[PDB]
Amino acid sequence: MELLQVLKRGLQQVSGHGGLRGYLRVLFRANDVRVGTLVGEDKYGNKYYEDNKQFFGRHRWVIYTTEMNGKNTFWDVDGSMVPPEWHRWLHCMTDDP
Amino acid sequence: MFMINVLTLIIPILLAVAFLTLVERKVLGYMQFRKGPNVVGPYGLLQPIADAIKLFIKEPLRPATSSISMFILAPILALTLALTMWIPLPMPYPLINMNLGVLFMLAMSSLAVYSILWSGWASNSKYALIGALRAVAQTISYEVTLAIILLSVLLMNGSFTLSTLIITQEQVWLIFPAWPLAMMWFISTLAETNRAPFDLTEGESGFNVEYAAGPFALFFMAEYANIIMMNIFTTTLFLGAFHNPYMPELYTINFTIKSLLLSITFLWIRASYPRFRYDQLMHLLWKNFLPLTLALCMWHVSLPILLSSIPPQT
Amino acid sequence: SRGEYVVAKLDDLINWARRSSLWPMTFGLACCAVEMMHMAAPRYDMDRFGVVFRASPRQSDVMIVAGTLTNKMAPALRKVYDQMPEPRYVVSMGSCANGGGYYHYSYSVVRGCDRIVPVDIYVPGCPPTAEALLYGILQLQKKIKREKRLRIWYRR
Amino acid sequence: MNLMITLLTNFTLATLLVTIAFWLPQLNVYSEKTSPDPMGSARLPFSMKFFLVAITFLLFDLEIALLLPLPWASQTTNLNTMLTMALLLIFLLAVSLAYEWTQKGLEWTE
Amino acid sequence: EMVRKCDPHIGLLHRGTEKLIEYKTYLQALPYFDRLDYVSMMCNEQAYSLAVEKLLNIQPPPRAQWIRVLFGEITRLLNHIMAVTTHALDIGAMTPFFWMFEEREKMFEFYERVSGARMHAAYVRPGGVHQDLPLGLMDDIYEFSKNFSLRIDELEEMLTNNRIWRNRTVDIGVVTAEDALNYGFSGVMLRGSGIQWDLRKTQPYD
Amino acid sequence: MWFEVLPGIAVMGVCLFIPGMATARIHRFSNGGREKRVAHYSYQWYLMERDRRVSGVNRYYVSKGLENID
Amino acid sequence: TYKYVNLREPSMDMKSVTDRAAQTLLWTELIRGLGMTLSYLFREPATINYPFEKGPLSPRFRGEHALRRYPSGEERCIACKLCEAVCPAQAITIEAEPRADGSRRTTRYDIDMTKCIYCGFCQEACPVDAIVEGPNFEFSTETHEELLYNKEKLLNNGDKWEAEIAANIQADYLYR
Amino acid sequence: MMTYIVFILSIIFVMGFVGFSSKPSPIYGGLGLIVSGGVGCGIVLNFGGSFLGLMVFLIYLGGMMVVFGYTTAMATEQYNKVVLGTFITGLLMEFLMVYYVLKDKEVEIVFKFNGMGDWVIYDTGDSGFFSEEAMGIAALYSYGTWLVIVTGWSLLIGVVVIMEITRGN
Amino acid sequence: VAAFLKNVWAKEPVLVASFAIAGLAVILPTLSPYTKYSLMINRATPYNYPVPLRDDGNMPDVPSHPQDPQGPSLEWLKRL
Ligand SMILES: CCCCCCCCCCCCCCCCCC(=O)OC[C@H](COP(=O)([O-])OCC[N+](C)(C)C)OC(=O)CCCCCCCCCCCCCCCCC
Ligand SMILES: CCCCCCCCCCCCCCCCCC(=O)OC[C@H](COP(=O)(O)OCCN)OC(=O)CCCCCCCCCCCCCCCCC
Ligand SMILES: CCCCCCCCCCCCCCCCCC(=O)OC[C@H](COP(=O)(O)OCCN)OC(=O)CCCCCCCCCCCCCCCCC
Ligand SMILES: CCCCCCCCCCCCCCCCCC(=O)OC[C@H](COP(=O)(O)OCCN)OC(=O)CCCCCCCCCCCCCCCCC
Ligand SMILES: CCCCCCCCCCCCCCCCCC(=O)OC[C@H](COP(=O)(O)OCCN)OC(=O)CCCCCCCCCCCCCCCCC
Ligand SMILES: CCCCCCCCCCC1=C(C)C(=O)C(OC)=C(OC)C1=O
Ligand code: SF4
Ligand code: SF4
Ligand code: SF4
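Protein chains in written order, with the authors' numbering: chain i, 1 to 97; chain H, 1 to 204, 209 to 318; chain 6, 24 to 179; chain A, 1 to 36, 42 to 115; chain 4, 71 to 276; chain z, 1 to 70; chain 9, 1 to 176; chain J, 1 to 79, 86 to 175; chain m, 4 to 83.
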């Protein structure tokens, strides 16, 4: 049956975040748990991931850093926390990071 | 020892009401091509707690009520009648085994409109009073068909006892010989609890416009408890489950699943159709539901005589 | 001491409850109301933040002024604002509500909704995108989070 | 015995919840509000339609009270008489509904 | 229950657009026409551009005309989506509002890709259009229009054959043809009474 | 996707399973490992009171059989 | 050239009559609507995870205003006052004087972000590409006075967003 | 004091009757009558009449006093010494009667009443496998043919009469 | 008479169904052969005690024991 593929994909989602601690961390921070290819990261610590199999809009995302310019951003993430060189890539204005 | 039974009846009702609010929000979201709350907690599991605390620290309206007595008394009656309509429900053993539990439920449901009447009269707004009068008229007019349908269904049971209703459906479901009564009963219970497409008070003043946020939450919680109770009653009436006297958990799990499916069908109904007009639902009741209910009542009186299938009195 | 810790934790609890269940009312005046409707669309999904769609004025928390506030409409806006229960917040959407916008020098347009009601968050744009109004709502949530009501009550 | 204990428990839980819902924001000291229906001071217009549907409900409720003991009454030995009386009662219900129907009783609230 | 008199009091959004137009030039007065009907932006821009081009005795190039007609039809799709879904939302059906507002967001993406603004494009100007279409836009337009037939079919499935929906609309607001003509009605209000009139067919533009 | 409504439905299902299970367990515990006896008519109540009087413990669920007769 | 919506006569034979009456009594089209809403339940929703996921945009997007510089440190604005002349909302105030080395530079350049309608006429009336409408849109403020930009704020915005504004201009300048 | 439960309920019944019979306002009279009807249904239930008490709840309170309060809401537009005076004096005669009953365990006003608890009059036997009141009510379709006929005709005639007199023509 | 039924079944099917169900309910119990079974099932239910009769000497029909052959029989109920 084809439910086992879905359960196995959920288990690789648990394992791909480096264990249950990282899984719970990303679940309670980003409200999402799916894994994608790490496109890169910037000077402040934001990590940019992509997944081209998702539909247009979810195929690029950013996990924000926990400390930017001396401010604790573990729960207080901001949309204006992305530097411009990655701001152009994240908003799908270009194909090149 | 009995107070433990009372408490374990009445506290999960409030818990199920709060999670019914969460489930309805999420199911409507996923049915409208979006998501429900998933930010406040893991898949929105903390949304009812936050919403309850916010509503219980909100500023009161402090109205110029004509009567503070019935202004107090209307949520009292609403909550008491929402909680007291669970005690003869067999799960598979009722908390209070009543010989006439069905008619006791009918009496409580008929008594439930005084909350609407007193909430409408206590508020000084005349448009609120007019909305309350219209809601009361719709409620009693659907009480009529509730009573006729229940009377005609009970002729296959033989008594008013709710526990015998499991014994009757030991062979087959009661929706097989009484499906038109089942459809009319479902629509009448949908219009009984003031739900879409019959929730006219949300369409263009409610009966509780001047009520504070806390008492408004109490009224809404009573309404949701009424919804869950009615769906459990419908499941017991028409979709009776297999009850092993040595394992009651089988019946508990089975009717829990069926009643949850019926309540999800309520939420499914509420997001598919436009609302009725007032005269349109009055036409649907007095000119469509009532004659067929009377015809099926005569049919279900005269049928067990001609089939030699009178159910036992005891 | 113990009392400061207790009031700090209680303040965090009540601020979490208030900021995570913001029920908005929307003044559907002009273009910016169509953009508000587009933020309530499936793509941005205002409901998933605990922010319901079109709550009643008698039970809402945040009031959104999306459009132009004319002279014929301002007393009605003040009357609606006065009936809201506390804690009440106001978000100004678009240039017409911010400072008048295109019709600033008109004879029948109030130059900003801050001349009638107190305003907490100003969302710039004409119209500001659904992303921008969502950012303004989340910034309002951040503003509610860092409130210090119980600490102020304890210190006074 | 247990029933009135449960009734008292439900009543006191409801009144406890209502008391906490009322008097807890009373401990807040928010503000004092002056506040100086679409109709301003119009009298409630008396409508014969709502009274008519109320009285029709009351009369049908009375004939429902008459119809209620049918499950017990079906166990009688005199089955022909009980069947005839039951059919006559529901036929009188139908006739009253038809008389309300034909003489425009169910009009504008159909 | 029966309405005897209806008095619609308006003027709550009278901004005074015409005086401000009189105080500015034509290019400055174009966004005033952008903001007049805030669900039919490019149609109002096209009407203003057509009037100014008529007074200027000039005509736009053919590609600008085809772009104008294509975006006028996209604007018509946006307006009809908004009108039907808000009508159903006011009556009480709420699912098609979200269902078609997703496609509305897609059309807004087309507007933003061609002009830089989602709603008030200020794109159609006297003399043609401000900027050419970027490469790869018409493929996305083709895909969207390819799926929009099924979107209309699903809205029609939810709304048209429902008895509750048609009970609110079958005999409501019947207008005779002569009264529709005398009261100054136009468009769908004229066409619903049987009057065969259409400005794109009788007095055509570009 | 759609399977995220399932935690809320599961919590509701637990809260609806709780009262029936608690009622059945309380009835079985309080009545000596048997069902709560139904007394809808006065004959069944008379049997109840006779069994309570014959128990010798003033307790209607302590049922004595052939060990009592001579 | 025209078509007749809703001019279909109903058939009066027994087949059509019984079909319509069965549809009335058994509620067929209501089941159709229920079933299709159920089918729409089991689809993946179109919701993106803001702020971790952003909606798509274009290099022509008109957001926050900025003042650019030449690739030598010198600012591009030469105080020609075309942007304040073309501004349909009169949101731009410009005052100029010759500076120390005799260059024609502004001494005051204010843009009222509460008057501006974000129409992009200023960035297309500029002969030197000095004023631009950058791609930033998340700049909501808690105060009215924070939305009254002077020259220093706009120059800081340009220095902040140059690495994106220059790329957008490079991508779009062949369409102008 | 638990053996006097029906007596205490009767005291509450007559006290509610004094309260609503003072006529403070029609809506408050309706509320007092609803409370008195509930207490009287409690009296009937404690006497053994489950069906008749549930008829009182279903028809008198849930079906008819709703109509009374519904008509009261359509008149008597929303916003004394006499009301308080008669309430006080009715409470005084009621409690004087209670004291004279319980002090001497006998009383005479018009008939002679006894002050013992009302559990004494009950029957010491069982009814078998049925309830007596349910069989008595159920005999309406088998024995009360004439009663059914006259009651149904009176109900239909009442429908006709109400439709006749509210028309105005 | 024939087209009237078709017209009223095309126009008000709910009333046609109601009247048809009513007619079935009022003419079927007088036509079914199982009504007598309901009669003698209801009359053969032993609610109260079968009080014995004092044996004067002439009752051949009345049994002296429940298992005696004479007396009423419910084999028809056991088979049906
Ligand atoms: C509990 C189990 C599940 C129950 C169903 C739950 C899922 C389905 C939910 C459906 C949608 C609910 C929301 C909308 C509710 C409001 C609309 C509505 O219900 O309207 C009812 C509609 C209203 O009818 P109407 O308004 O369309 O009627 C037209 C009337 N005129 C022309 C005057 C305007 O239908 C009914 O009232 C019919 C009720 C059921 C009838 C059952 C008949 C059974 C068959 C009898 C025999 C037929 C053969 C002929 C005789 C043979 C004799 C031998
Ligand atoms: C019948 C069953 C009914 C079930 C009902 C409830 C269903 C949902 C259950 C809970 C689901 C998970 C909730 C998780 C909440 C968040 C927990 C958490 O980690 O909070 C962290 C937050 C900040 O922590 P901080 O120390 O600041 O972080 C810096 C470290 N890097 O710290 C804080 O915010 C402070 C601590 C918060 C702890 C919250 C724990 C959960 C509360 C749930 C309440 C209801 C529990 C069930 C009640 C009924 C059953 C007994
Ligand atoms: C004497 C000492 C005690 C004094 C009284 C205090 C009692 C305990 C009160 C709760 C705990 C205190 C701390 C409250 C939260 C503070 C930390 C915080 O803000 O955490 C934020 C975090 C979510 O972060 P967020 O900013 O929402 O980010 C969105 C994602 N980008 O939030 C989370 O992860 C979830 C936070 C959950 C908070 C706890 C659970 C709710 C409250 C449960 C108890 C009260 C209600 C019980 C039920 C009532 C009936 C419904
Ligand atoms: C504004 C005022 C306050 C408003 C809110 C509170 C009141 C309204 C909401 C609660 C309503 C409670 C209704 C109680 C009566 C319902 C009928 C009833 O008791 O039925 C159960 C049972 C009869 O069934 P049965 O199985 O035959 O009995 C056992 C036989 N072996 O009967 C029994 O088991 C009988 C048990 C002994 C007698 C119990 C008497 C109860 C107390 C009197 C009524 C209390 C309510 C008074 C107020 C009414 C509303 C104003
Ligand atoms: C004798 C059997 C037992 C009788 C007693 C039990 C009856 C049970 C059902 C009770 C129904 C009560 C209400 C009846 C009202 C009938 C009158 C009526 O409504 O007439 C008006 C209606 C035309 O409608 P209109 O005038 O427009 O009103 C607005 C709604 N459209 O007019 C119509 O639609 C036409 C209605 C009359 C013709 C109906 C014919 C049905 C035939 C079915 C097959 C035969 C069944 C066997 C019985 C013989 C019937 C003649
Ligand atoms: C003992 C008290 C328990 C908490 C009170 C009941 C649960 C809270 C309901 C709040 C609520 C929610 C979540 C809600 O989503 C909603 O919108 C439909 C409401 O009505 C406007 C509500 O009242
Ligand atoms: S700010 Fe712009 S988009 Fe918003 S209402 Fe004003 S003119 Fe319309
Ligand atoms: S975008 Fe338009 S309104 Fe804004 S400053 Fe530039 S020219 Fe003026
Ligand atoms: S148009 Fe350009 S160069 Fe001229 S004043 Fe404006 S910003 Fe400066």
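Heads up, the beta-carbon is just placed ideally off N, CA and C, and yes, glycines get one too.
- Flagged as an interface residue toward chain 9: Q162 (chain 6), by a C-beta distance shorter than 7 angstroms.
- No Cβ of chain 9 is located within less than 7 angstroms of the beta carbon of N237 (chain 4).
- In the structure shown, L73 (chain A) falls within a coil segment according to DSSP collapsed to helix, strand and coil.
- Cβ neighbours of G22 (chain i) within its own chain (closer than 6 angstroms, five residues either side excluded): none.
- In the DSSP assignment, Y49 (chain i) falls within the beta strand (DSSP E) that extends over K47 to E50.
- If you check the C-beta of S50 (chain J) against ligand 4, you find a heavy atom less than 6 angstroms away.
- By the C-beta criterion, the region 8-23 of chain H is judged not to be in contact with the region 154-164 of chain 4, since fewer than 3 inter-stretch pairs fall below 8 angstroms.
- Excluding the 5 residues flanking it on each side, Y61 (chain z) has same chain C-beta neighbours closer than 7 angstroms at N31, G32 and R34, in chain order.
- The C-alpha of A140 (chain J) lies about 23 angstroms from the C-alpha of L307 (chain H).
- In terms of beta-carbon proximity, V40 (chain H) stays away from the interface with chain i, with every pair separated by 7 angstroms or more.
- The closest CA to that of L154 (chain 9), considering only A171 (chain 9), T93 (chain 9) and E53 (chain 9), is found on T93 (chain 9).
- A distance below 7 angstroms separates the beta carbons of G36 (chain H) and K26 (chain H).
- By the Cβ neighbour-count rule, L7 (chain i) is exposed, with fewer than 16 other Cβ atoms within 10 Å of its own.
- Against chain 9, a Cβ distance below 7 angstroms from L157 (chain 6) picks out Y50.
- Here the region 82-89 of chain 6 lies against the region 107-116 of chain 6, with 3 or more beta-carbon pairs under 8 angstroms apart.
- By the C-beta criterion, the region 158-167 of chain 9 is judged to be in contact with the region 131-140 of chain 9, since at least 3 inter-stretch pairs fall below 8 angstroms.
- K58 (chain H) sits away from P80 (chain 6), with the two beta carbons spaced by 7 angstroms or more.
- Apart from sequence neighbours up to five positions away, the residues of its chain that approach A245 (chain H) with a beta-carbon distance below 6 angstroms are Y255, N258 and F259, ordered along the chain.
- In the DSSP annotation of this structure, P10 (chain 9) is not part of any beta strand (DSSP E), being labelled neither H nor E.
- The closest CA to that of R99 (chain 9), considering only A85 (chain 9), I117 (chain 9) and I78 (chain 9), is found on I78 (chain 9).
- Residue contact check for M68 (chain i) against chain 9: no CB pair falls below 7 angstroms.
- Three or more beta-carbon pairs drawn from the region 160-177 of chain 6 and the region 37-47 of chain 6 are found closer than 8 angstroms, and the two stretches are therefore classed as touching.
- Within 10 angstroms of the beta-carbon of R188 (chain 4) lie 16 or more other beta-carbons, which makes it buried.
- Contact between the region 219-238 of chain 4 and the region 130-146 of chain 4 is not established, with fewer than three Cβ pairs separated by less than 8 angstroms.
- Close to chain 9, meaning a Cβ-Cβ distance shorter than 9 angstroms, are the following residues of the region 17-34 of chain H: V27, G29, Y30, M31, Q32, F33 and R34.
- Near ligand 7, meaning a beta-carbon closer than 5 angstroms to one of its heavy atoms, we find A53 (chain 6), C54 (chain 6), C55 (chain 6), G90 (chain 6), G117 (chain 6), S118 (chain 6), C119 (chain 6), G124 (chain 6), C149 (chain 6), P150 (chain 6) and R105 (chain 4).
- For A163 (chain 9), not one C-beta of chain 4 is nearer than 7 angstroms to its own C-beta.
- Interface residue (Cβ-Cβ distance to chain J less than 7 angstroms): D42 (chain A) is not classified as such.
- In this chain, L38 (chain i) is not harboured by any alpha helix (DSSP H); it is covered by the beta strand (DSSP E) spanning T37 to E41.
- Using beta-carbon distances, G38 (chain J) does not count as an interface residue toward chain A, since no partner is under 7 angstroms.
- When the alpha-carbon of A70 (chain A) is set against those of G120 (chain H), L151 (chain H), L133 (chain H) and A137 (chain H), the nearest one is in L151 (chain H).
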